[PDB]
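Working notes, beginning with the structure itself.
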Amino acid sequence: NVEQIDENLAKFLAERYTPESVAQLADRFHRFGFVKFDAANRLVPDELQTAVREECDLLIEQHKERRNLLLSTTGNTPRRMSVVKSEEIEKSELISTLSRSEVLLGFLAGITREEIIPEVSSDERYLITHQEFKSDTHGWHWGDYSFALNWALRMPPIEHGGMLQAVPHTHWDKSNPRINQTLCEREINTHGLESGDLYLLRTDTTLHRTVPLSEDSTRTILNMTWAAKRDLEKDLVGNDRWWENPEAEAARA
Amino acid sequence: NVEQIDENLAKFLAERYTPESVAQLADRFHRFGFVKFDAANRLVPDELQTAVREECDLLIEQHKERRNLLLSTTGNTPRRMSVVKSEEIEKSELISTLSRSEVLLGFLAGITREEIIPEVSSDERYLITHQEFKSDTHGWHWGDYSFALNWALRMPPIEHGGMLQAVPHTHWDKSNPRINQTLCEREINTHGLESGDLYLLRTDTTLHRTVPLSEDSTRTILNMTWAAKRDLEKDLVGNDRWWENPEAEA
Amino acid sequence: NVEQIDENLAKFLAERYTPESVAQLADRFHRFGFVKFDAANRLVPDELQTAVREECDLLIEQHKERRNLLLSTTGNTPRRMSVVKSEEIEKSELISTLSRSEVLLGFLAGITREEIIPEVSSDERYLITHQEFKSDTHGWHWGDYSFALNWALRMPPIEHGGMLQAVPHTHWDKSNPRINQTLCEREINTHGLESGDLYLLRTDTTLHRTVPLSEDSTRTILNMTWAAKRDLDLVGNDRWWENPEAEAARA
Amino acid sequence: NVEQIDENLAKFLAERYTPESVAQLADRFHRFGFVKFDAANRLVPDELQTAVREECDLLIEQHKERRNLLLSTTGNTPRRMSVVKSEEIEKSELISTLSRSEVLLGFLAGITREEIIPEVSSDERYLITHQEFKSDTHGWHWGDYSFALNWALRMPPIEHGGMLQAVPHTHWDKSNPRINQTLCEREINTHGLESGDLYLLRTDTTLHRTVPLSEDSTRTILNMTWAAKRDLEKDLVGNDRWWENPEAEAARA
Ligand SMILES: N[C@@H](CCCC[NH3+])C(=O)O
Ligand SMILES: N[C@@H](CCCC[NH3+])C(=O)O
Ligand SMILES: N[C@@H](CCCC[NH3+])C(=O)O
Ligand SMILES: N[C@@H](CCCC[NH3+])C(=O)O
Ligand SMILES: [Cl-]
Ligand SMILES: [Cl-]
Ligand SMILES: [Cl-]
Ligand SMILES: [V+3]
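Residue numbers (the deposited numbering), protein chains in the order written: chain D, 2 to 254; chain A, 2 to 251; chain G, 2 to 233, 236 to 254; chain H, 2 to 254.
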């Protein structure tokens, strides 16, 4: 562990990725607000991901918090899932140091074409969403920050739902979200995911959701949220931090 | 109401549409499988639509039937709504005669670029879908026939759902629908509707659904399904006629 | 030759296509007005294509006719190439019999989802275009008939131009083409082609052109034009390939 | 003139734009790399544009230089036009102060969602392209800098060509442009322009060109090239500055 994680990851990335291949991924990240790291574009060693998935499975069994609400700041889109707060995930030494790894952040900076600053709100650095029932979903929303590295730790079959639908090049107006109006004006990109996949999401300008589960399954994702230069010194508004506080102002039943 | 509907509709369409403007609509029908007749592109007189809605409102109050199921031939997509069967709507002399009007079918033939044939199954000539509860939806599906003229008689606010999402240039494999896999590989066109709107839908090659209602509202449409030349002599399979039979095998 | 072509092509296609995978090509054909037949999806055996190309190279060396005009029926788009008339290509029994093959038409009918009828005008059944100079191009245009199977016999590198740009879901108004206005309203699909490729084109409802050659190269195609039930009244006086002095042809 | 330009433009823009409507223009500028200021979305008063045009028409009649070459850094795409160099346009007092106007840059910063810095190379600050012959065109290319405010001063009829064809979400590789391979992979957006139009262009990540003139006409633009935070401290490369030096290293006739 320790610095060997950064050293092994730096070797793990130098075997598959070049500046030219990263520049092609950067063009896709701007066009879609989304790039996927699957079997043909792996991001972390399989042993490292297994250690992260085992850490998340332990945090879930210890700190599972069921959520079933609607967020008024996002057009009353539902939040039907179980979550693990950011303060509980920070206690994991593996997830915390990896989220601030100068190797992982520096490499992904070539895809975002801008600095990836790990300075966000202490209640939003990390988030684990655990969907396991029918109609569980992460409704249409944006992100308060610019970037998010989501770990598709557990993915149900595609025929069972759970895909990530996205609409890039949008914005979040918490007083007038216009989610259904944006769908009428813009085409929706549906991104299928499999267990083990990772993907970078430009969360501030991509209206995105997860297709609700069509039956009882299991959908687990670890969220690593990072801020850009535009997110610094900005005031957090909305009173809609539903994951940390289930009784937030914007959180309705 | 009498045989003067065709004479008035022919004048109604001649006042608004030319062969060149219809050709522009025919291009939009092939690219999206969908052409909307909204406030700026009316299809029928408002007094004719009012008489159609009043006939449908009476059919709903007399013959509405709740449906709550999933269709295995469409990837187990839900069908949560109330329906009025085709044999009941056929009793309406206004709806039945208008659905075979040589003026209406001859005009829409310029958009479909082929003959519109009013010779479909007797259980699918007409259909009224009436949603009014939260999560009510017409799930992802295709149509056994090519064409369908849908009357957006009543639509909730856009913020309450009920929009039509469509994926053109697809096909229906009842043994392997591949609905969620098609979504991952194809962009979804969401089409907002308003009360009074009408739209022509290429139902056989456009995967379409209605966005579920986010809360209790009211969503009423009338479906006039017609056949193309490709649909004649074709045998119906799937055992999935859920609207006519709520216990349809599929 | 003989009837062994249809027997060989039927076994060739039966080993590469299922009704389900053909239905996937039908969706792409209605969506893009274009379906390419490259190495991943071959259409004819390499021996059949070689005999066809050799016949086309002979027809070019014997009856090549240079064209350099503008067609007013398509917004004065240029036509700079060499052509071979359908009446000369129809002399080749191979190209003629293959164009009416029930196995070939029956298979491609599963992509168009409608009958492919080989009953078109006698001056438009076949066409060979041979571009070899800089700025040679087949300008923006439509087709008077619905279908066309183009044989990308010889293609220059993509850096020398020659790609097929297409805009599907359009129509041809010979009195008001509105090509540049259509380009401003729609996206352009550029389809790269390599030597040996084939592709089906929905010519009546797809505005298409070939990118002009950026330098002296060699671009050769063989056009196999068919008709649907829609095409069973030719107007415009713009048949430039058969008549270089058409009323719509300018300079 | 003088300081009255900023006070008149502030008002002109305060009556035709809201923060909510500029955000809608920001979404379009990110999705297409291009946003047009036409009759329904004017940017400058008609009296200011008339003075800007009259200045450019004088700079053309005095310092126009013909160009007819191919740029090897952009796949040998042609440059058939007449140009006025940046140092000559810099002599105009009106164009110089307007390009650095804190009101114009501040308003357009809401569309780019990032600071617009008027600190670019002294040979690429401004540029006027003047096409008037058949086959004249500004071939497929990218921009060394991020932003460019282009003034469609005189546009021929659309049937005579001259539209702006763009492909957003790309990047410039001077050693391997892959212009024709990018077109085969991406859809082209054609943007028709009329005389009097203005448009913002994300020049660094949008592969764009001008459709060649189908006949002898007149096509005149004014380029106001600006930089972002990413363009600062970056070394210029390629030796392909054809507009300033017709005999550049990457310039071939
Ligand atoms: N803001 C999103 C969730 C982001 C939290 C994860 N960092 C929502 O309200 O649904
Ligand atoms: N195929 C439709 C039913 C058609 C009835 C209306 N023409 C469905 O699965 O919902
Ligand atoms: N109509 C086409 C020519 C067709 C040649 C035979 N398929 C044109 O305008 O160029
Ligand atoms: N890079 C451009 C020139 C830009 C000049 C000022 N924007 C070209 O190759 O034509
Ligand atoms: Cl987010
Ligand atoms: Cl249907
Ligand atoms: Cl053609
Ligand atoms: V053609």
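Cβ atoms here follow ideal geometry from the backbone N, Cα and C, with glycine treated the same way.
**Asked** Hey, how far is the Cα of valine 53 of chain G from the Cα of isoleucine 96 of chain G?
**Response** 7 Å
**Asked** Is any heavy atom of ligand 2 found at a distance shorter than 6 Å from the C-beta of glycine 163 of chain D?
**Response** no
**Item:** the segment 109-127 of chain G: positions lying closer than 7 Å to chain H by Cβ
**Value:** Of all residues in the segment 109-127 of chain G, none has a Cβ within less than 7 Å of some Cβ in chain H.
**Message:** When you compare the CB of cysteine 185 of chain A with every CB in chain D, is at least one pair closer than 7 Å?
**Reply:** yes
**Request:** With 7 Å as the threshold, decide whether the Cβ of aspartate 28 of chain G is near any Cβ in chain A.
**Result:** yes
**Message:** Going by DSSP in three states, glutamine 5 of chain A sits in which element: helix, strand or coil?
**Reply:** coil
**Asked** Ordered along the chain, which non-local residues of its own chain (more than five positions away) have a Cβ less than 8 Å from that of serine 196 of chain D?
**Response** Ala153, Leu154, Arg155, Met156
**Asked** DSSP puts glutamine 166 of chain G in a beta bridge; with which residues?
**Response** G/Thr191, G/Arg210
**Prompt:** At a Cβ threshold of 7 Å, is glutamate 160 of chain G touching chain H?
**Reply:** yes
**Asked** residue 1 of chain H lies in the alpha helix (DSSP H); which residues open and close that run?
**Response** Any question about residue 1 of chain H goes unanswered here, given that chain H covers just 2 to 254.
**Item:** Partners in chain A for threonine 130 of chain D, counting only beta-carbon separations shorter than 9 Å
**Value:** Here the premise fails: no neighbours, minimum Cβ distance about 19 Å.
**Item:** Straight-line Cα distance separating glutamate 216 of chain D from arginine 179 of chain G
**Value:** Going by C-alpha positions, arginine 179 of chain G is about 51 Å away from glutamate 216 of chain D.
**Asked** When we look at the beta-carbon of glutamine 132 of chain A and count the other beta-carbons within 10 Å, is it buried (16 or more) or exposed?
**Response** buried
**Message:** Against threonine 75 of chain G, what residues of chain A qualify as contacts under a CB-to-CB distance less than 9 Å, listed in chain order?
**Reply:** Under the 9 Å cutoff, chain A gives no residues; its nearest Cβ is about 17 Å from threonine 75 of chain G.
**Item:** Contact set, ligand 8 heavy atom to C-beta under 6 Å
**Value:** Any heavy atom of ligand 8 counts here; residues with a Cβ closer than 6 Å to one of them, in chain order, are G/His142, G/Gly144, G/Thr204, G/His209.
**Residues bridged to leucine 199 of chain A (per DSSP)** = Partner(s): A/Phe38, A/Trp152.
**Item:** DSSP three-state assignment for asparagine 181 of chain A, whether helix, strand or coil
**Value:** helix
**With 16 other Cβ atoms within 10 Å as the buried cut-off, status of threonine 51 of chain D** = It is exposed - the Cβ of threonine 51 of chain D has fewer than 16 other Cβ atoms within 10 Å.
**Message:** My parser needs the alpha helix (DSSP H) runs of 4 or more residues fully inside the segment 45-94 of chain D; what are they?
**Reply:** For the segment 45-94 of chain D, whole alpha helix (DSSP H) runs of length 4 or above, ordered along the chain, are 47-64, 87-90.
**Request:** Tell me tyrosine 127 of chain A's beta-bridge partners as DSSP assigns them.
**Result:** Checking the DSSP bridge columns, you'll see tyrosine 127 of chain A partnered with A/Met225.
**Asked** Taking only beta-carbon atoms, is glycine 239 of chain D less than 7 Å away from chain A?
**Response** no
**Asked** When you compare each of G/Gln182, G/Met225, G/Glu186, G/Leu194 to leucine 184 of chain H by their alpha carbons, which one comes out closest?
**Response** G/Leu194
**Prompt:** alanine 24 of chain A touches chain G at which residues, Cβ-Cβ below 8 Å?
**Reply:** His172, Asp174
**Prompt:** Listing by chain order, which chain G residues have their CB less than 7 Å from the CB of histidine 31 of chain A?
**Reply:** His170, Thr206
**Any non-hydrogen atom of ligand 3 closer than 6 Å to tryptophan 152 of chain G Cβ** = Result no, Cβ not under 6 Å from ligand 3.
**Prompt:** Are the beta-carbon atoms of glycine 144 of chain H and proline 79 of chain H separated by less than 7 Å?
**Reply:** no
**Request:** Indicate whether the contact test is met: 3 or more Cβ pairs, each with one atom in the segment 112-130 of chain D and one in the segment 165-172 of chain D, closer than 8 Å.
**Result:** no
**Message:** Can you give me the C-alpha to C-alpha distance between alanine 167 of chain D and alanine 41 of chain G, rounded to a whole angstrom?
**Reply:** 31 Å
**Item:** Between the CA atoms of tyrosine 146 of chain D and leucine 165 of chain G - distance to the nearest angstrom
**Value:** 43 Å
**Cα-Cα separation between residue 260 of chain A and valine 45 of chain A, rounded to whole angstroms** = Residue coverage of chain A in this structure runs from 2 to 251, which leaves residue 260 of chain A outside it and unanswerable.
**Request:** Could you run through the segment 225-236 of chain H and flag, in chain order, every residue whose CB is less than 9 Å away from some CB of chain D?
**Result:** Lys230, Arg231
**Prompt:** Nearest to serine 93 of chain G by alpha carbon, out of G/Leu223, G/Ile159, G/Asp236, G/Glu56?
**Reply:** G/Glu56
**Message:** Is there a C-beta anywhere in chain D that falls below 7 Å from the one on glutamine 50 of chain A?
**Reply:** no
**Prompt:** Between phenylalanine 35 of chain H and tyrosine 18 of chain H, what straight-line distance do the alpha-carbon atoms span, to the nearest angstrom?
**Reply:** 18 Å
**Message:** If I measure Cβ to Cβ from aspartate 198 of chain A and keep anything under 7 Å in the same chain, skipping five residues before and after, which residues do I get?
**Reply:** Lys37, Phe38, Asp39, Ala153
**Item:** Span of the alpha helix (DSSP H) around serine 22 of chain H
**Value:** 20-33 is the span of the alpha helix (DSSP H), which, as asked, contains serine 22 of chain H.
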